[PDB]
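Enquirer: PDB entry and its sequence, pasted below:
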Amino acid sequence: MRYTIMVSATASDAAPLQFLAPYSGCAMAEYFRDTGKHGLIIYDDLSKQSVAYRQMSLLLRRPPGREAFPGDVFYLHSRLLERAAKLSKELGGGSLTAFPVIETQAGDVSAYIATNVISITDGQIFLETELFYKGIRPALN
Amino acid sequence: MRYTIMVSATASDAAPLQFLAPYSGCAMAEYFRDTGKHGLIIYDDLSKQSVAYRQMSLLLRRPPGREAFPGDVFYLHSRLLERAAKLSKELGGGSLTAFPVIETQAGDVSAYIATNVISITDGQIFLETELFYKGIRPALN
Amino acid sequence: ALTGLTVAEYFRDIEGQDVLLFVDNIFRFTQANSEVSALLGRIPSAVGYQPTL
Amino acid sequence: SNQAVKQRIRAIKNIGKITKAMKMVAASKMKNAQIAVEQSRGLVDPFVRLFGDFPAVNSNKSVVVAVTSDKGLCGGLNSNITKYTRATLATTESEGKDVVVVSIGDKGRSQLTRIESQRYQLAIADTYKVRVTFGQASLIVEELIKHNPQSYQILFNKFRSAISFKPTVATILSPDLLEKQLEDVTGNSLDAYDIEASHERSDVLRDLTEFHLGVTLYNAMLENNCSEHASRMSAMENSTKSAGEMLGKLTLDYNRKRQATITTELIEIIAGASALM
């Protein structure tokens, strides 16, 4: 905790706060990116920020798309994760490494938010239930 | 091309020009039916005419139905395909033979526009993509 | 995508020569107009898209 | 397209209960036909402690038998015998010896012809339909005696347990055409015995090797039938495993399609109602 910021919009909190908390944490870690240092940011359950944004959009009566999601739920995560960059030497040379976390239902990688964030991020770490139940931990596919 | 008329409402034409082009081609082919000759009309992708009809109906704020289609999209195609007739000999004995084309998605003939035109036309030439690659071309089921 | 098309269409129409146009994810054009079309007051088409897809 | 998946679940579930029935059928047939297999295992022993085991002997003429199954869900038993057929039939080849190949069972008729078609002469089939009897193996031995080689080879699967059937080649030599010629060492080992026949020793070995062929052929096609039933019990064990994992994948994908159907019909209804109000 000497080096960590801990931003939390928990399950009891309002869906605007859960929608906004990865942007708040990204603005806090972009301080270290912009002044030449290096940041690590973990968005734990970006699949819950997408659900909070879907709540906000259907309560704003915006037209639901695939699964019910507003249609700019790709833009929600793309404009989030694009700030995880490695800057050039003229901008200080700072970096920001992102670890988005997406919970998957029964291993369905072909879900909407899952295939959204897969086509944003530079790689994946797949963790399987069949390797995790056998005790192979971390259950890295 | 000595005997052929081509009525071309391409993808860059406006949505009322693609909705109305099967009716324009049916009217150009009804000349030969009404004056004792024989016509052959081919509506290539009636499933693309109904998407052009759905676009106008949703932008004229007519309320959407199945998949988004207007209620009168059965009447859209049955108005048009019933103009293909073999006339009586009092009217000249003329004839007009229609070949509507419908594209399915995964062999799913249970779609909205697919089940309408199956219900309108007399026959059906069902072409299968798995028969196509086994060598059987024409891939007629 | 229309900007990249305009740059390609100058070389096709005015310079009069062969162009290679590579467009990475022309789907994002459709998805962007689908994000926009919700706020333009349009009735949505199939799955969630604009009526003018 | 949502009813193609429900009927595919129907197909996979009916296949998965069919194969579970056939597994229990093969297990039922394996226990009440093991009560006839290790009964007949005894009589092979006096002929091997009398005549010995001479597989690689330089026969002029040889009749090799690969006794296989008739029905086909046995799971690579007959193909393993078809490969040991050539694996033991090339180890005979030392001087250009004549070979007749013969298959017992319908699934050997189709499989030896791919590898040895000119050396094929006979197909015995429909042998396990009622049961296997010794008069039947006697008639098959008779038709293998119509042409009279110097050696016999029988390839089958020795039913060890319900897990292992390690395949067996049993060898039967014609009476003094090669058998006593393989016995004479500083004298002979067959000359210890007092022949108590009616006629000479050349005829008691003539009768004794036909009896040895009948016993070996009977035990071979009995052990092969019991190993076939246990191989089918292990083959339909993997079929229900496959038809359960395919069923589970198909059930998950059906749940996805069910959820997506309810969501898309709901979005259609909401968009219809919102265009009026």
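Expert: Great, that's in hand. Numbering: from 1, shown residues only, chains lettered A, B, ... in the order given.

Enquirer: enumerate the residues of chain A near chain C.
Expert: By the rule C-beta under 8 Å from any C-beta of the partner chain, the part of chain A lying against chain C is A:62-66, A:69-72, A:74-75. For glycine as for every other residue, the C-beta is placed from the backbone atoms N, C-alpha and C.

Enquirer: quick one, what contacts the residue of chain A found nearest chain B?
Expert: Relative to chain B, the nearest point of chain A is residue A:63 (10.7 Å; C-beta to the nearest C-beta). Shown in contact with residue A:63 (C-beta atoms under 8 Å, 6 or more residues apart in numbering or on different chains): A:70-71, C:38, C:44, C:48, D:267, D:271.

Enquirer: circling back to that earlier point, nearest to residue D:133, of the residues of chain A next to chain C?
Expert: Residue D:133 has its nearest neighbour among the residues of chain A next to chain C in residue A:66, at 68.5 Å by C-beta to C-beta.

Enquirer: my read: the closest one touches residue C:46, true?
Expert: No - contact criterion C-beta atoms under 8 Å: residue A:66 and residue C:46 do not qualify, at 10.5 Å.

Enquirer: so where do the strands sit in the stretch 51-200 of chain D?
Expert: With DSSP state E, counting those that start in this stretch, the ranges of strands along the stretch 51-200 of chain D come out as D:61-67, D:98-104, D:120-124, D:151-159, D:165-173.

Enquirer: what lines up beside the fourth one in the sheet?
Expert: The reference is to strand D:151-159. strand D:61-67 (parallel), strand D:165-173 (antiparallel) (DSSP bridges).

Enquirer: distance to residue D:119 and secondary structure for the contacts of residue A:63 - can I get that in CSV?
Expert: Below are the contacts of residue A:63 laid out as CSV (distance: C-beta to C-beta, whole Å; DSSP: H, G, I helix; E, B strand; the rest coil):
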residue, distance to residue D:119, secondary structure
A:70, 74, coil
A:71, 72, coil
C:38, 77, helix
C:44, 74, coil
C:48, 70, coil
D:267, 70, helix
D:271, 75, helix
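
Enquirer: filter these by proximity to chain B?
Expert: Okay, of these touching chain B (C-beta under 8 Å from any C-beta), that's C:44, D:271.

Enquirer: would you map the helices across the chain?
Expert: Picked chain A for this. Using DSSP state H, the helices assigned to chain A run over residues A:15-34, A:46-59, A:73-81, A:112-118, A:129-133.

Enquirer: nope, chain C
Expert: For chain C, applying DSSP H gives helices covering C:2-13, C:27-38.

Enquirer: tilt between the first one and helix C:27-38?
Expert: Translated: helix C:2-13. Helix C:2-13 and helix C:27-38 meet at an angle of 130 degrees, taking axes from the mean of the first three to the mean of the last three C-alpha atoms, to 10 degrees as the criterion.

Enquirer: give me the distance from helix C:2-13 to the chain's centre.
Expert: From the chain centre to the centre of helix C:2-13 is a distance of 13 Å (C-alpha atoms, centre = their mean, to the nearest Å).

Enquirer: which strands or helices does it pack on?
Expert: If contacts are counted by 3 or more C-beta pairs under 8 Å, 6 or more residues apart in numbering or on different chains; DSSP states H and E, helix C:2-13 sits against no helix or strand.

Enquirer: the helix or strand hosting residue D:7 packs against which elements?
Expert: Under DSSP states H and E, the secondary-structure element containing residue D:7 is helix D:2-31. Contacts defined by 3+ C-beta pairs under 8 Å, 6+ apart place helix D:2-31 against helix D:201-274.

Enquirer: who are the packing partners of the helix it packs on?
Expert: helix D:2-31, helix D:44-51, strand D:61-67, helix D:77-89, helix D:134-145, strand D:151-159, strand D:165-173.

Enquirer: so which of those is nearest residue D:276?
Expert: helix D:2-31 (28.2 Å).

Enquirer: report the angle between that closest one and strand D:151-159.
Expert: Using the same axes, to 10 degrees: helix D:2-31 against strand D:151-159 is 110 degrees.

Enquirer: can you pull the residues of chain C lying near chain D?
Expert: Residues of chain C found near chain D (C-beta under 8 Å from any C-beta) are C:43-44, C:47-48.

Enquirer: tell me the one of those nearest chain B?
Expert: Ranked by distance to chain B (C-beta to the nearest C-beta), these are led by residue C:43 at 4.5 Å.

Enquirer: tally of neighbours for the closest one?
Expert: A count of neighbours around residue C:43, defined by other C-beta atoms under 10 Å in any protein chain shown, yields 22.

Enquirer: so what's it closest to, chain neighbours aside?
Expert: In this structure, residue C:43 finds its nearest non-sequential neighbour in residue B:58, 4.5 Å apart by C-beta to C-beta, 6 or more residues apart in numbering or on different chains.

Enquirer: which residues sit in contact with that neighbour?
Expert: Contact analysis of residue B:58 by C-beta under 8 Å, 6+ apart lists B:64, B:68, C:42-45, C:51.

Enquirer: and for residue A:16?
Expert: Each residue near residue A:16 by C-beta under 8 Å, 6+ apart is listed here: A:52, A:56.

Enquirer: hmm, residue D:235 is touching residue D:78, no?
Expert: No - between residue D:235 and residue D:78 there is no contact under C-beta under 8 Å: 11.6 Å.

Enquirer: how close does the residue nearest to residue C:43 sit to residue C:27?
Expert: Separation of residue B:58 from residue C:27 (C-beta to C-beta, to the nearest Å): 21 Å.

Enquirer: same deal with residue D:257?
Expert: Distance from residue D:257 to residue C:27, by C-beta to C-beta: 23 Å.

Enquirer: likewise for residue D:214?
Expert: Residue D:214 is 76 Å from residue C:27, by C-beta to C-beta.
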